[PDB]
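Colleague: Below you will find the structure I want to go over with you.
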Amino acid sequence: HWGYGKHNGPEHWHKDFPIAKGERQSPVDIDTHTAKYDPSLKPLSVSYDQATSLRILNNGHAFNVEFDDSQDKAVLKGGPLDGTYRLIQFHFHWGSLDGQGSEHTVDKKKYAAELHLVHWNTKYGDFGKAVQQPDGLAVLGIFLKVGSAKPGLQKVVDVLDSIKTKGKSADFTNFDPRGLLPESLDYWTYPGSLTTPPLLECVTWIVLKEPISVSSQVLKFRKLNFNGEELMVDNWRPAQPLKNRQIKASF
Amino acid sequence: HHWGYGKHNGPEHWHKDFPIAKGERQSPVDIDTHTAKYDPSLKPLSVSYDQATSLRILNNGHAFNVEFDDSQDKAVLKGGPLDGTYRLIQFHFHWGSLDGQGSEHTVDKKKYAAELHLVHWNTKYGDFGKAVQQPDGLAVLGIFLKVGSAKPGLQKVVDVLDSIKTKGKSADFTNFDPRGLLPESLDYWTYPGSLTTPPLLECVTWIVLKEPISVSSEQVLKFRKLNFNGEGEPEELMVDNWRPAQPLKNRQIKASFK
Ligand SMILES: [Zn+2]
Ligand SMILES: [Zn+2]
Ligand SMILES: [Zn+2]
Ligand SMILES: [Zn+2]
Ligand SMILES: [Zn+2]
Ligand SMILES: [Zn+2]
Ligand SMILES: [Zn+2]
Ligand SMILES: [Zn+2]
Ligand SMILES: [Zn+2]
Ligand SMILES: [Zn+2]
Ligand SMILES: [Zn+2]
Ligand SMILES: [Zn+2]
Ligand SMILES: [Zn+2]
Ligand SMILES: [Zn+2]
Ligand SMILES: [Zn+2]
């Protein structure tokens, strides 16, 4: 089935997923000359104070860190969001070199990786029902630059050798995703979709402008395997056309 | 979330999202021994598990599965009602909350405490994926589990069940010999059946062994301690993970023995 190589990479997803050539595909290039400041955009409310991580798993496409989403404890409110969106998981996309790896780009600049924290609209009762609505998910995107070691990322780096290959998972409790944020919550936003199959058009994207720094920490990401050898690198979709959409800036 | 065996998503309710559940060749069925007639043209069953190469054991929230390397003809099923070679891809069990229930197939309406299913695909079609989409695609060998003395061959599988307690977990599971899970007698019944779980595709030549294997109360009590749910979700014990018998329709169950 699908993946990122020559055979099943983003080039070839349109074959089994016709929606890949759709109105609201993600990611996109965020052009800062055209992304205009909208003052009616409210400030972003992130409450991860009581987040409850459960496990970390390698699914042959990325690794995911899942959370208890049975209550409003780790939620996203404000910004462009009407209602409350609970945190279900986070994962990264990254590249084989430091000059590539982010899904979103800023003025065509690529970063070394991109952190995606996925949230679903509590309006629809569960994740499954949410994904089949345009306002179903909200993904907070955060760019990863090369620099000093992200102290908050170190716990996650730690545990990557015990989920080296596809199918493996480890218990992963008491993780604080506040530690993965930049200081500034300034963002861009636009009506996007999932960057992997099934590519459903159900995401309000929220991309943070301030990247977080990580150490040349990124070399542990690249040691993970796509297989259960093919190294898990360049697991990003390239930018898609922006079409009739408008990227709006909070700042 | 999706289908299972409870009150809201159990076999009663599978017809809702899987219309084939009310089809021509559903499994399991009650095997009635007064109507299942001995066919002498049925050949003897050839089981070659001498070189089987188990890889891993995983809890998928429905059963646990033990997977094998199926890239060569090393663990195969030939003879019996089968034209061609069927390689072993995995095995799993179905079981119940009590000793008086748990098997999918029944014999003269008798239920057993569990049923072992060794799944094989017809090498004719090149891979598992292509095989399931043909009536002669899979061959599942069914084996009934009675309560009695401890199955020495089952003990290595019992041993590793606490490290895959919940949905999504798996452990490395190498050098397992599935010969140790067989009864002495290979006498069987056979009929054109299908998968007993969704997607319930009608692609199985069923082969059910008549001689059950014995297991200990201690051994089956480890099955029942597994969870349908993942770590963190609320508790639901993995028991009664069997589909009840389905109508036989226009089919004929044939016996290898007098
Ligand atoms: Zn094409
Ligand atoms: Zn996949
Ligand atoms: Zn949940
Ligand atoms: Zn609520
Ligand atoms: Zn992503
Ligand atoms: Zn655990
Ligand atoms: Zn109905
Ligand atoms: Zn009868
Ligand atoms: Zn009779
Ligand atoms: Zn009769
Ligand atoms: Zn399932
Ligand atoms: Zn294989
Ligand atoms: Zn089965
Ligand atoms: Zn291992
Ligand atoms: Zn439940």
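By convention in this document, the chains of the structure tokens carry letters A, B, ... by their order, each chain's residues are numbered from 1, and ligands are numbered from 1 in the order they are shown.
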Could you give me, as number ranges by chain, each residue of range 59-181 of chain A that DSSP assigns to helix (DSSP H, G or I) when run on this structure's backbone?
Modeller: A: 122-124, 127-130, 151-158, 160-163, 177-180
Colleague: Residues within 6 Å of ligand 3 should be enumerated using only C-alpha atoms and all ligand atoms and returned as a short mmCIF file (atom, residue, chain, number, x, y, z; two decimals) with N, CA, C and O atoms, in the first residue's frame.
Modeller:
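In the end it all went to selection-v4.cif:
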data_model
loop_
_atom_site.label_atom_id
_atom_site.label_comp_id
_atom_site.auth_asym_id
_atom_site.auth_seq_id
_atom_site.Cartn_x
_atom_site.Cartn_y
_atom_site.Cartn_z
N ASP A 68 -5.26 10.12 26.15
CA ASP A 68 -6.65 9.95 26.61
C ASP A 68 -7.47 11.16 26.15
O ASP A 68 -7.20 12.28 26.57
N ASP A 69 -8.47 10.91 25.30
CA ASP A 69 -9.36 11.95 24.76
C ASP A 69 -10.83 11.75 25.17
O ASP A 69 -11.76 12.07 24.41
N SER A 70 -11.03 11.24 26.38
CA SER A 70 -12.36 10.94 26.92
C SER A 70 -12.97 12.11 27.70
O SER A 70 -14.15 12.06 28.03
#
Colleague: Calculated over only C-alpha atoms, which of the candidates B:216, B:59, B:149, B:241 has the smallest distance to chain A?
Modeller: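 Going through B:216, B:59, B:149, B:241 one by one, the smallest distance to chain A is for B:59.
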Colleague: Near chain A, meaning an atom within 8 Å, which residues of chain B appear when counting only C-alpha atoms? Write them as a list in words.
Modeller: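 The answer, sorted by residue number, is residues 1, 168, 169, 170, 231, 232 and 233 of chain B.
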Colleague: With only C-alpha atoms as the counted atoms, please give the residues lying no more than 9 Å from residue 70 in chain B, apart from itself and same-chain residues fewer than 4 positions off, as an MDAnalysis selection string.
Modeller: chainID B and resid 53 74:75 87:89
Colleague: With N, CA and C atoms kept, could you save the residues just selected as a PDB file, in the first residue's frame?
Modeller:
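Heads up, here's the output in out_13.pdb:
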ATOM      1  N   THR B  53       7.984 -20.977  10.473  1.00  0.00           N
ATOM      2  CA  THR B  53       8.814 -19.889  11.018  1.00  0.00           C
ATOM      3  C   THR B  53       7.926 -18.742  11.517  1.00  0.00           C
ATOM      4  N   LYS B  74       7.172 -23.482   3.248  1.00  0.00           N
ATOM      5  CA  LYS B  74       7.789 -24.137   4.397  1.00  0.00           C
ATOM      6  C   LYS B  74       6.755 -24.672   5.393  1.00  0.00           C
ATOM      7  N   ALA B  75       5.633 -23.968   5.526  1.00  0.00           N
ATOM      8  CA  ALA B  75       4.573 -24.362   6.441  1.00  0.00           C
ATOM      9  C   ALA B  75       3.353 -24.376   5.535  1.00  0.00           C
ATOM     10  N   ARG B  87      -0.152 -21.879   1.900  1.00  0.00           N
ATOM     11  CA  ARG B  87       0.859 -21.567   2.920  1.00  0.00           C
ATOM     12  C   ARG B  87       0.223 -21.004   4.162  1.00  0.00           C
ATOM     13  N   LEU B  88       0.882 -21.226   5.294  1.00  0.00           N
ATOM     14  CA  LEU B  88       0.399 -20.753   6.595  1.00  0.00           C
ATOM     15  C   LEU B  88       0.779 -19.291   6.812  1.00  0.00           C
ATOM     16  N   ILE B  89      -0.213 -18.474   7.108  1.00  0.00           N
ATOM     17  CA  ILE B  89       0.014 -17.044   7.296  1.00  0.00           C
ATOM     18  C   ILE B  89      -0.091 -16.659   8.777  1.00  0.00           C
TER      19      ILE B  89
END
Colleague: Report as a ChimeraX atom specification all protein, DNA and RNA residues lying within 10 Å of range 101-107 of chain B, evaluated on only C-alpha atoms, omitting residues in the same chain fewer than 3 positions from it.
Modeller: /B:27-33,93-98,110-117,142-146,196,208,210,239-246
Colleague: Neighbours of residue 182 in chain B within 9 Å (only C-alpha atoms; same-chain residues fewer than 5 positions away dropped), as a list in words?
Modeller: residues 143, 153, 212 and 213 of chain B
Colleague: Grab the residues selected above and save them as a compact mmCIF listing (two decimals), in the first residue's frame with C-alpha atoms.
Modeller:
# COMPACT_ATOMS: atom_id res chain seq x y z
CA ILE B 143 -9.45 -27.62 15.76
CA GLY B 153 2.51 -27.39 22.89
CA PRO B 212 -10.27 -32.19 19.71
CA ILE B 213 -7.09 -31.27 21.61
Colleague: Between CA of residue 153 in chain A and CA of residue 30 in chain A, what distance in Å does the model show, to one decimal?
Modeller: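 Atom-to-atom, CA of residue 153 in chain A and CA of residue 30 in chain A are spaced 25.7 Å apart.
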Colleague: Could you pull the residues within 9 Å of residue 256 in chain B, counting only C-alpha atoms, minus those fewer than 2 positions along the same chain, as a list in words?
Modeller: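 Listing them by chain and then by number gives residues 37, 38, 39, 40, 41, 42, 43, 44, 80, 187, 188, 189, 190, 254 and 258 of chain B.
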Colleague: So the first atom is CA of residue 191 in chain B and the second is atom 1 (Zn, counted along the ligand's line) of ligand 10; what is the distance between them in Å, to one decimal place?
Modeller: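 Result for CA of residue 191 in chain B versus atom 1 (Zn, counted along the ligand's line) of ligand 10: 18.4 Å, one decimal.
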